[PDB]
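Using our numbering, the first residue of the sequence shown is number 183, and each one after it goes up by one. The next block holds one structure in the form of structure tokens; read it before the comments.
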Amino acid sequence: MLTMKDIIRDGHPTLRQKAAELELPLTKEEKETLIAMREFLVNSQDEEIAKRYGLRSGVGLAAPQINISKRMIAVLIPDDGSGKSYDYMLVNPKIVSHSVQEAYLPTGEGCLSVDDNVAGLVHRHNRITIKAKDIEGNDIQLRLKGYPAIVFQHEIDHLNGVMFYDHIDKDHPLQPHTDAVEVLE
Ligand SMILES: COc1ccccc1NC(=O)N[C@H](C(=O)N(CC(=O)NO)CC1CCCC1)C(C)(C)C
Ligand SMILES: [Zn+2]
């Protein structure tokens with residue numbers, strides 16, 4: 183069972199590396215890693231389990247964050263009220279197209295690997311299309327908008343050694359870009 187002790191902290195070199203593409207099919211250990219990454223998110227969203235094991239309630243995890251430099255991510259976003267929910271383990275995900283229009287969470291972002299909050303807006307594409315493989319090497323193409331687009335972009339950033347605060351404007355951290363969509367979750 184993965185817990186917070188498996189999550190490496192900002193400053194760790196692995197978080198600034200470019201993660202390696204996976205060869206398909208995944209090895210057994212790679213599948214078990216990806217499943218455990220998802221399971222961490224599941225456990226983190228269980229009030230009782232999360233309390234028992236001191237887990238921060240998570241919606242996404244990238245392999246680099248558990249010190250594994252491989253292009254694998256898990257995303258687990260519960261129903262936003264509209265019946266839309268996202269439960270995906272992706273291999274070699276790639277944003278293949280996106281909107282010009284930007285979107286941002288009004289309170290900024292945070293990260294499992296960053297202990298202290300950093301204030302500032304993180305502008306991302308409002309809409310993205312991702313191609314990826316699933317855990318069995320089958321093809322997945324996602325069209326995402328708003329909150330889940332933000333989450334997936336945050337995760338894919340980790341695969342490229344990019345941290346959320348890299349995007350924050352130092353002079354005007356809280357100034358929204360023109361026509362950027364404020365996203366509420
Ligand atoms: C189920 O819990 C929720 C329910 C409703 C809204 C939000 C959440 N959870 C989160 O936002 N969770 C954040 C998160 O998992 N991440 C993922 C991460 O660290 N990815 O690398 C940070 C998010 C900030 C913006 C997108 C990802 C942390 C950093 C605060 C733990
Ligand atoms: Zn993160």
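Yeah, the Cβ is synthetic: ideal placement off N, Cα and C, and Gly gets one too.
Hey, would you say residue 223 sits closer than 8 Å to residue 345, going by beta carbons? By one-based count along the sequence shown, residue 223 stands at place 41. By one-based count along the sequence shown, residue 345 stands at place 163. No, the Cβ-Cβ distance between residue 223 and residue 345 is not below 8 Å.
Helix or strand or just coil, what does DSSP make of residue 205? Counted from its first residue, the sequence shown places residue 205 at position 23. Residue state, collapsed to three classes: coil.
Going by C-alpha distance, which of 341, 359, 226 and 276 is nearest residue 199? Residue mapping note: residue 199 aligns to position 17 of the sequence shown, counting from 1. Selected option, being the one with the closest Cα: 341.
Just how far apart, CA to CA, sit residue 235 and residue 185? The sequence position of residue 235 within the sequence shown is 53, counting from 1. The sequence position of residue 185 within the sequence shown is 3, counting from 1. Roughly 7 Å between the two C-alpha positions.
Measuring CB to CB, does residue 338 end up less than 8 Å from residue 324? Within the sequence shown, numbered from 1, the residue matching residue 338 stands at position 156. Within the sequence shown, numbered from 1, the residue matching residue 324 stands at position 142. Not closer than 8 Å, so no.
I'd like to confirm the pairing. Which residues does DSSP put opposite residue 280 in its beta bridges? The residue labelled residue 280 in the question sits at position 98 within the sequence shown. Its beta-bridge partners are 310.
Reduced DSSP secondary structure (H/G/I, E/B, other) of residue 329: Reading the sequence shown from its first residue, position 147 is the one you call residue 329. Residue 329: helix per DSSP, three-state reduction.
Measuring only from the beta carbon, is residue 239 closer than 7 Å to any heavy atom that is part of ligand 1? Start at 1 with the first residue of the sequence shown, and residue 239 comes out as number 57. The answer is yes for residue 239.
For the pair the region 296 to 305 and the region 353 to 365, tell me if three or more CB-CB distances fall below 8 Å. yes
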